[PDB]
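> Just one file: run_17.txt, with compact mmCIF, C-alpha atoms.
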```
# COMPACT_ATOMS: atom_id res chain seq x y z
CA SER A 746 12.22 -29.88 -7.94
CA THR A 747 9.42 -32.12 -6.71
CA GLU A 748 11.02 -33.06 -3.37
CA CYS A 749 11.92 -29.46 -2.51
CA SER A 750 8.41 -28.29 -3.44
CA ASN A 751 6.92 -31.00 -1.21
CA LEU A 752 9.16 -29.87 1.65
CA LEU A 753 8.15 -26.27 0.92
CA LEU A 754 4.49 -27.27 1.29
CA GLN A 755 5.24 -28.32 4.89
CA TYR A 756 5.82 -24.66 5.79
CA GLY A 757 3.07 -22.11 6.30
CA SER A 758 1.31 -19.77 3.90
CA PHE A 759 4.40 -17.57 3.64
CA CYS A 760 4.33 -17.40 -0.17
CA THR A 761 0.66 -16.49 -0.38
CA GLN A 762 1.75 -13.47 1.71
CA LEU A 763 4.79 -12.30 -0.25
CA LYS A 764 2.82 -12.68 -3.49
CA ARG A 765 -0.09 -10.79 -1.92
CA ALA A 766 2.19 -7.99 -0.69
CA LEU A 767 3.99 -7.48 -4.01
CA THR A 768 0.70 -7.45 -5.93
CA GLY A 769 -0.54 -4.71 -3.61
CA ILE A 770 2.72 -2.85 -4.19
CA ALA A 771 2.38 -3.17 -7.98
CA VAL A 772 -1.28 -2.09 -8.04
CA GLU A 773 -0.40 0.96 -5.88
CA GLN A 774 2.07 2.32 -8.46
CA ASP A 775 -0.70 2.66 -11.07
CA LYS A 776 -2.75 4.61 -8.50
CA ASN A 777 0.29 6.86 -7.96
CA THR A 778 0.50 7.47 -11.71
CA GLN A 779 -3.28 8.07 -11.96
CA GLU A 780 -3.44 10.54 -9.06
CA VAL A 781 -0.76 12.88 -10.42
CA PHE A 782 -1.30 13.12 -14.19
CA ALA A 783 -5.02 12.31 -14.64
CA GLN A 784 -6.33 15.48 -13.00
CA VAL A 785 -8.01 16.71 -16.21
CA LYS A 786 -11.32 15.44 -17.58
CA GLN A 787 -11.01 16.39 -21.27
CA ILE A 788 -7.89 16.20 -23.44
CA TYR A 789 -7.43 19.83 -24.45
CA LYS A 790 -5.77 20.88 -27.71
CA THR A 791 -3.77 23.99 -28.50
CA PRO A 792 -4.77 26.19 -31.47
CA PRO A 793 -2.52 26.16 -34.57
CA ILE A 794 -1.69 29.85 -34.06
CA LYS A 795 0.95 30.04 -31.33
CA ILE B 993 9.30 -28.04 19.83
CA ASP B 994 12.26 -25.82 18.88
CA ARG B 995 11.32 -26.10 15.19
CA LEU B 996 7.67 -25.21 15.89
CA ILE B 997 8.76 -22.33 18.16
CA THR B 998 10.99 -20.93 15.40
CA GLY B 999 8.19 -21.16 12.83
CA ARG B 1000 5.54 -19.54 15.03
CA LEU B 1001 7.98 -16.80 16.11
CA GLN B 1002 8.72 -16.01 12.45
CA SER B 1003 4.99 -15.86 11.67
CA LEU B 1004 4.35 -13.53 14.63
CA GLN B 1005 7.24 -11.24 13.62
CA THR B 1006 5.91 -11.06 10.04
CA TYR B 1007 2.46 -10.10 11.37
CA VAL B 1008 3.96 -7.42 13.65
CA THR B 1009 6.01 -5.90 10.79
CA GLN B 1010 2.98 -5.77 8.47
CA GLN B 1011 0.89 -4.19 11.26
CA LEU B 1012 3.60 -1.55 11.81
CA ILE B 1013 3.64 -0.60 8.11
CA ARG B 1014 -0.18 -0.47 7.98
CA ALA B 1015 -0.25 1.65 11.15
CA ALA B 1016 2.19 4.13 9.59
CA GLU B 1017 -0.06 4.41 6.52
CA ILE B 1018 -3.14 4.88 8.74
CA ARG B 1019 -1.31 7.57 10.75
CA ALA B 1020 -0.48 9.46 7.53
CA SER B 1021 -4.14 9.30 6.48
CA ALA B 1022 -5.21 10.50 9.95
CA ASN B 1023 -2.82 13.46 9.69
CA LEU B 1024 -4.36 14.33 6.31
CA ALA B 1025 -7.87 14.08 7.79
CA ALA B 1026 -6.90 16.30 10.74
CA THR B 1027 -5.43 18.90 8.36
CA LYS B 1028 -8.62 18.82 6.26
CA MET B 1029 -10.77 19.25 9.39
CA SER B 1030 -8.63 22.17 10.59
CA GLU B 1031 -8.51 23.99 7.25
CA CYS B 1032 -11.89 23.29 5.61
CA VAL B 1033 -14.44 22.85 8.42
CA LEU B 1034 -13.01 25.52 10.74
CA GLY B 1035 -12.48 28.02 7.91
CA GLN B 1036 -12.47 28.68 4.19
CA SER B 1037 -9.74 27.18 2.01
CA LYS B 1038 -8.04 28.99 -0.88
CA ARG B 1039 -6.04 25.93 -1.95
CA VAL B 1040 -7.08 24.48 -5.31
CA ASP B 1041 -8.73 21.01 -5.17
CA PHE B 1042 -7.94 20.58 -1.46
```
What is this structure when it is put down as C-alpha cells?

Amino acid sequence: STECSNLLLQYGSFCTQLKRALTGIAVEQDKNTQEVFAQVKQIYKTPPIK
Amino acid sequence: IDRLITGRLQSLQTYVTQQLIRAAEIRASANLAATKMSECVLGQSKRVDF
C-alpha cells in the first residue's frame, strides 16, 4: 500500500528500533549457543576399542 | 498538540522501557563482577574456568 506507507513515514523511527532490537535478540542466541557448547579447542575422537 | 503529545509520550515510554531492560542486564553483569572480585582477588578459586 503506497498511501499507508506514506502515512507510516510521517511517524518516527519506530521501525528502525523494532528491527534493531530483534536483530540484537537474534544475534544473542548464537552467542548463547557458542558459550555453552564451544568450550573445547580441538575435536577429540574416541579410540575404536571401547 | 494532543497528537504530538501522544507521539512524544510514546517515544519517551519506549526509551524508558529499553533503559530499564539495559539496566537489568548491567546489574546482572555487575553482580558477576562483584562475585569474581570476592572469590578470585580476595582468595583462591577451585572452580573450573571461573
> Please, what distance in Å, to one decimal, runs between CA of residue 779 (chain A) and CA of residue 793 (chain A)?
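Atom-to-atom, CA of residue 779 (chain A) to CA of residue 793 (chain A), that is 29.0 Å.
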> Could you list, as a PyMOL selection string, the residues of chain B having an atom within 10 Å of chain A when counting only C-alpha atoms?
chain B and resi 999-1000+1002-1003+1006+1010+1041
> Would you compute the distance between CA of residue 770 (chain A) and CA of residue 788 (chain A)? Give it in Å to one decimal.
29.1 Å
> To test the calculation: enclose all listed atoms of region 774-781 of chain A in a box whose edges run along x, y and z, add 8 Å on each side, then state centre and edge lengths in Å to one decimal, as lines of an AutoDock Vina configuration file.

```
center_x = -0.7
center_y = 7.6
center_z = -10.0
size_x = 21.5
size_y = 26.6
size_z = 20.0
```
> Suppose you want the space between CA of residue 995 (chain B) and CA of residue 754 (chain A); what is it in Å?
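That distance, rounded to one decimal, is 15.5 Å.
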> Please write C-alpha atoms of region 750-793 of chain A, from the structure given just now, as a PDB file, in the first residue's frame.

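Result went into selection.pdb, see below:
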```
ATOM      1  CA  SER A 750       3.386   3.544   3.651  1.00  0.00           C
ATOM      2  CA  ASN A 751       3.432   7.311   3.066  1.00  0.00           C
ATOM      3  CA  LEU A 752       1.337   7.822   6.207  1.00  0.00           C
ATOM      4  CA  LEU A 753       3.685   5.455   8.059  1.00  0.00           C
ATOM      5  CA  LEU A 754       6.630   7.648   7.031  1.00  0.00           C
ATOM      6  CA  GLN A 755       5.003  10.551   8.921  1.00  0.00           C
ATOM      7  CA  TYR A 756       5.654   8.716  12.200  1.00  0.00           C
ATOM      8  CA  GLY A 757       9.026   8.488  13.910  1.00  0.00           C
ATOM      9  CA  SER A 758      11.856   6.000  13.598  1.00  0.00           C
ATOM     10  CA  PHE A 759       9.856   3.352  15.452  1.00  0.00           C
ATOM     11  CA  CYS A 760      10.568   0.605  12.908  1.00  0.00           C
ATOM     12  CA  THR A 761      14.298   1.218  12.820  1.00  0.00           C
ATOM     13  CA  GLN A 762      14.063   0.431  16.557  1.00  0.00           C
ATOM     14  CA  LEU A 763      11.995  -2.766  16.495  1.00  0.00           C
ATOM     15  CA  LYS A 764      14.167  -4.088  13.659  1.00  0.00           C
ATOM     16  CA  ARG A 765      17.288  -3.105  15.618  1.00  0.00           C
ATOM     17  CA  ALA A 766      16.013  -4.789  18.796  1.00  0.00           C
ATOM     18  CA  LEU A 767      15.054  -8.077  17.122  1.00  0.00           C
ATOM     19  CA  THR A 768      18.393  -8.260  15.290  1.00  0.00           C
ATOM     20  CA  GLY A 769      20.160  -7.867  18.633  1.00  0.00           C
ATOM     21  CA  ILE A 770      17.925 -10.599  20.043  1.00  0.00           C
ATOM     22  CA  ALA A 771      18.704 -12.937  17.128  1.00  0.00           C
ATOM     23  CA  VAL A 772      22.471 -12.328  17.266  1.00  0.00           C
ATOM     24  CA  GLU A 773      22.430 -13.000  21.038  1.00  0.00           C
ATOM     25  CA  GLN A 774      21.052 -16.543  20.588  1.00  0.00           C
ATOM     26  CA  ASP A 775      24.117 -17.581  18.579  1.00  0.00           C
ATOM     27  CA  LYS A 776      26.307 -16.244  21.398  1.00  0.00           C
ATOM     28  CA  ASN A 777      24.246 -18.339  23.834  1.00  0.00           C
ATOM     29  CA  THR A 778      24.855 -21.423  21.691  1.00  0.00           C
ATOM     30  CA  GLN A 779      28.580 -20.607  21.334  1.00  0.00           C
ATOM     31  CA  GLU A 780      29.177 -20.040  25.058  1.00  0.00           C
ATOM     32  CA  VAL A 781      27.760 -23.402  26.173  1.00  0.00           C
ATOM     33  CA  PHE A 782      28.931 -25.987  23.631  1.00  0.00           C
ATOM     34  CA  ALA A 783      32.124 -24.473  22.166  1.00  0.00           C
ATOM     35  CA  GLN A 784      34.225 -24.809  25.317  1.00  0.00           C
ATOM     36  CA  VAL A 785      36.711 -27.211  23.683  1.00  0.00           C
ATOM     37  CA  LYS A 786      39.507 -26.197  21.319  1.00  0.00           C
ATOM     38  CA  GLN A 787      40.133 -29.476  19.463  1.00  0.00           C
ATOM     39  CA  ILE A 788      37.533 -32.001  18.310  1.00  0.00           C
ATOM     40  CA  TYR A 789      38.572 -35.117  20.223  1.00  0.00           C
ATOM     41  CA  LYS A 790      37.934 -38.641  18.951  1.00  0.00           C
ATOM     42  CA  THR A 791      37.342 -41.834  20.895  1.00  0.00           C
ATOM     43  CA  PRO A 792      39.511 -44.913  20.210  1.00  0.00           C
ATOM     44  CA  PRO A 793      37.909 -47.872  18.389  1.00  0.00           C
TER      45      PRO A 793
END
```
